[PDB]
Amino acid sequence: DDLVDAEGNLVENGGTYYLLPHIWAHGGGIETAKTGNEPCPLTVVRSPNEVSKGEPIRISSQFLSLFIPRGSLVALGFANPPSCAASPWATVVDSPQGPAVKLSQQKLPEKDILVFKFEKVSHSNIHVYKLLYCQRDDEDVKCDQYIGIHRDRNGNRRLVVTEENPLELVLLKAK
């Protein structure tokens, strides 16, 4: 069983998608914001605008195949990343508030990038996924945490590792 997009078509490996909430009242798509003493927008957030599709995100499987098997590790890359980032890849990095999804000004190894999995949320006609964060040690993988939303002091809806508001997403093909 492969990953399926919001329109019912298989997700294409390396293709670009908007990551939208299943419940549109939860906000819009995925984007970036500058927080703390960041020099540029490195914090990955969900748009507070329910009409916004956010940024196109490239979803790249650990496997060199046309589609994405459901248990595949994936990397999430901004199609149009902020110019200050060293690469387009969003990863989990420690923040002063705890592990959070961010872009980086450092080039990261594959073991820090291929760290996500989409987990199908049991039924609904439209394919809805939670976003797992996976530990890696050599060949071993443990996906025991989720990505969810933490609203900061300034009202940014940050993507963080947490059990608070676990994301449930639909994947809409960008064009």
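Note that residue numbering begins at 1 and tracks the sequence as displayed.
Set 157-165 against 17-25 and average the Cα temperature factors; 157-165 ends up higher. Averaged over Cα atoms, the B-factor as recorded in the entry is higher for 115-123 than for the other of 56-64 and 115-123. Among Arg46, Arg136, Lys107, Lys130, the highest C-alpha B-factor in the deposited entry belongs to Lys107. For the set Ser95, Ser72, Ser83, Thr91, the PDB entry assigns the largest Cα B-factor to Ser83. In this PDB entry, the Cα temperature factor of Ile147 sits in the bottom third of its chain's modelled residues, the lowest group.
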